[PDB]
Amino acid sequence: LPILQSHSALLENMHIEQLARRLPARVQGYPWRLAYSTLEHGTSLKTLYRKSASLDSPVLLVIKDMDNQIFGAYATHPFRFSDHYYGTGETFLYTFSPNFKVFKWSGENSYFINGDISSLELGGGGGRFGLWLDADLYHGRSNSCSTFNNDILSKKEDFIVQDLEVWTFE
Amino acid sequence: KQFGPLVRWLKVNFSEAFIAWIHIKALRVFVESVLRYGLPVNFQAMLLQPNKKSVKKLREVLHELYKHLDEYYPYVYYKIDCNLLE
Amino acid sequence: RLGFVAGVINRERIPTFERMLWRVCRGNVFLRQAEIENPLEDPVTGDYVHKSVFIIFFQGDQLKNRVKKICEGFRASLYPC
Amino acid sequence: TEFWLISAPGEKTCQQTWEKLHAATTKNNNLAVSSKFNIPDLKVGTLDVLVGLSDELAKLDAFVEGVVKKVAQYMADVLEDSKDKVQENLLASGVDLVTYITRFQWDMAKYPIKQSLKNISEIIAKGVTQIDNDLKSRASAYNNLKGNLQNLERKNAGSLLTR
Amino acid sequence: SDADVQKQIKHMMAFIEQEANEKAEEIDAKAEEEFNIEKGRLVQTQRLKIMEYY
Amino acid sequence: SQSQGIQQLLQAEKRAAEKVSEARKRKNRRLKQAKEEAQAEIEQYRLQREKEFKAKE
């Protein structure tokens, strides 16, 4: 279950094990390498894409809100800019509340990830996004979308980001 | 210490490369079948193992069954050779 | 999108020409042809050649290149239309 | 041993021509061992892509034949003895060539049939390209130990004037 | 052979119908995507502005 | 002979124009609806912010 991380993280050691108990066997027991962190790298979505869009692997997205709640996504494909929606069925949203909760794909739509210069978003449902984040990594949104049938993930749908990271299994 | 891993790795690589080879053959067959007949598809994919004594008479039976459709053939034609190991 | 080309060829080349257009396009090409009202005079030798016009129809630039390559193979003259 | 893959239309349905064919090819004499073959329905589209695929899949066929044949040659190169066992090690899907050819199945898990022909083709090309990268690695692993041991054995070989 | 010319015509008519459907399906996919993008985008864009005024 | 091939080629272009043009008209309508329904939700979020401000006042 437990693994080596190349650096410090937003996740506690019990959060790493709770992820390892539920992640795909394609990535279970691999060491995790840091691609991006607001704790060590420039706090913008362009800096996140500059660090993560060069990858070609499964990955983990980790976020802490200003209310100190931990949440994010695991994806089969790197989080990056795109012209269209991308990702595949093992991709899911999650939170620690304080125990781990996971929101696997519904099969309803391809909306796993979309990445734009103006925002990053995960899932979709008309007005809904499973996650949404601004270009500055400051404002967010998160609510139930038909892609994952997810909870609010952050402590509030109206929220401010405290810190954000991207990791790869390698 | 190289030999054991090499033989196991080559077993896996040969399986995957051979499986992938037949998948490309299947795609070539599919794409040509579509281009030959058009989109209201009703073609049968077929496998034959020609006997070396009768391969000439095999071509005559295949022609007799399909000469109305149109090396070259009036049906879609492809091959697989088991001599990869020489 | 769809595309098409038009041109002229020596009429006796038509059976090999149309067969190669079908073959290169893996079966499918639409085309028609028509004999000229007189044979046309060679600009250098003065020989009269019984040419025929053709027009060929297809989808996209990839097939444009295939039909053009067969026209070059039979030394046909293509023109804009 | 050689196999043929064929495709042709039915009279109205795919059964009707094939049902007459396999009887003639097995009942007049054993002209060929004869059966259906397992090709799935795939996401088809414009002639511009289907013709591109026809030539790209041909370049890929030559490439993937080269890759699988190089894997077989590397097995023949590593088996410097017991060469008669090479076919028992060059299995596909855990079975002999003639068996997986005769009993072929499309890998719907590696190649999801709902995807475009272009996507499926690229997935194959990436996989076999990594087999070629693994063959560049494994050649470098094997040929160095082979050459070094041959040179060590040559330094121990011959009379007091050379050993 | 006029019957083989009619087969070639019918073959072309089958491919152009599927090409027309394929292009339409890409534009229909873009329609559903851009709805889910633009509705969520505009809501969040103004919802944040009114939150800042609040 | 020739008139059938002309009519079918003209109808081939017609299919390729129409299916795409209907999809383009749907794309435009869905995008307009996305903006309109977003504004309706924005009015509800505005009304919540105003009610909340009136309560604080």
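The residue numbers shown here are sequential, starting from 1 for each chain in the order of its written sequence. They can differ from the numbering used in the entry, and residues that have no coordinates are not displayed. Chains carry letters from A onward and ligands carry numbers from 1 onward, assigned in written order. In this entry, the chains presented are a subset of a larger assembly, and the associated values cover only that subset. Only hydrogens and water are removed before side-chain values are computed, so all heavy atoms of the structure are retained for them.

Method-wise, the PDB entry is recorded as coming from cryo-EM, at a reported resolution of 3.9 Å.

For chain B, the name recorded in the PDB entry is V-type proton ATPase subunit C 1, with Rattus norvegicus as its organism. Recorded in the entry header as its title is "Rat Kidney V-ATPase lacking subunit H, with SidK and NCOA7B, State 2".

Under the PDB entry, the name given to chain A is Nuclear receptor coactivator 7, and the organism recorded is Rattus norvegicus.

Would you take a moment to explain the overall build of chain A for this structure?
Of the regular secondary structure elements, chain A holds two helices and ten strands. Helix and strand definitions here come from DSSP, where helices need a minimum of 4 consecutive H or I residues and strands a minimum of 2 consecutive E residues; each element is numbered from the N-terminal end. Secondary structure elements of chain A occur, N-terminal to C-terminal, as α-β-α-β-β-β-β-β-β-β-β-β. For a compact globule of 170 residues, the expected C-alpha radius of gyration is about 15 Å, and chain A comes in at 14 Å, within 12% of that figure. Overall, chain A is about 40 × 35 × 30 Å in size when its C-alpha atoms are taken along their principal axes. Exposure classes here rest on a 1.4 Å probe applied to the protein chains alone. A residue is buried below 20% of its type maximum, exposed above 50%, and partly exposed in between. Burial status across chain A gives 56% buried among its 170 residues. Of the contacts formed within chain A by residues at least 6 apart in sequence, a portion of 57% connects residues at least 24 apart. Note on areas: Shrake-Rupley, 1.4 Å probe, and residue coverage restricted to the protein chains presented here. When the accessible area of chain A is evaluated, it comes to approximately 7,300 Å², of which 46% is carbon and sulfur surface. Averaged over its 15 positive side-chain charges, chain A has a centre that lies 4 Å from the centre of its 19 negative ones. We compute the radius of gyration over the C-alpha atoms and compare it with the globule rule, which gives 2.2 Å times the number of residues raised to the power 0.38. Whether two residues are in contact is decided by their heavy atoms, any of which lying within 4.5 Å being enough. Think of it this way: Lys and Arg go in the positive column, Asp and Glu in the negative one, and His and the chain ends go nowhere. To locate a charge, take atom NZ for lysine, CZ for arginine, CG for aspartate or CD for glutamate.

For this particular structure, what's the right way to read the sheet that holds strand β1 (residues 43-50) of chain B?
In any sheet, the strands associate via hydrogen bonds between backbone groups, in a parallel or an antiparallel arrangement. The pairing criterion for strands is at least two bridges between them, as found by DSSP. The sheet built from four strands is open, its strands ordered β2(B)-β1(D)-β1(B)-β2(D) with antiparallel pairing. In this open sheet, the two edge strands, each paired with only one partner strand, are β2 (76-81) of chain B together with β2 (32-36) of chain D. Averaged over neighbouring strand pairs, the angle between their axes works out to 20° when direction is ignored. Lines fitted to C-alpha atoms define the axes, with helix axes restricted to the stretch in contact, and inter-axis angles between N-to-C directions lie between 0 and 180 degrees. Here helix α1 (residues 3-37) of chain B sits on the sheet in contact with β1 and β2 of chain B together with β1 (2-9) of chain D, set at roughly 170° to β2 of chain B. Against the sheet, helix α2 (residues 55-66) of chain B contacts β1 of chain B together with β1 and β2 of chain D, and its axis sits at roughly 10° relative to β1 of chain D.

Just to check I follow, could you spell out the nonpolar core for this structure?
Nonpolar side chains tend toward joint burial in soluble globular proteins. Of all hydrophobic cores here, the largest spans 83 residues; its most connected members are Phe14, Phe18 and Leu27 of chain B, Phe17 and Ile56 of chain C together with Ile101 of chain D. Per-element tally for this core: the top contributor is α1 of chain B, with 18 residues. When neighbours within four sequence positions are excluded, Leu27 of chain B is seen to be in contact with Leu42, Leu57, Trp106, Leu117, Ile120 and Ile124 of chain D. To qualify as a nonpolar core, a set must consist of buried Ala, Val, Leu, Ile, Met, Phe, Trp, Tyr and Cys residues joined through side-chain atoms within 4.5 Å. Listed in part, the 30 residues of the second largest apolar core include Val59, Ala73, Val161 and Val166 of chain A.

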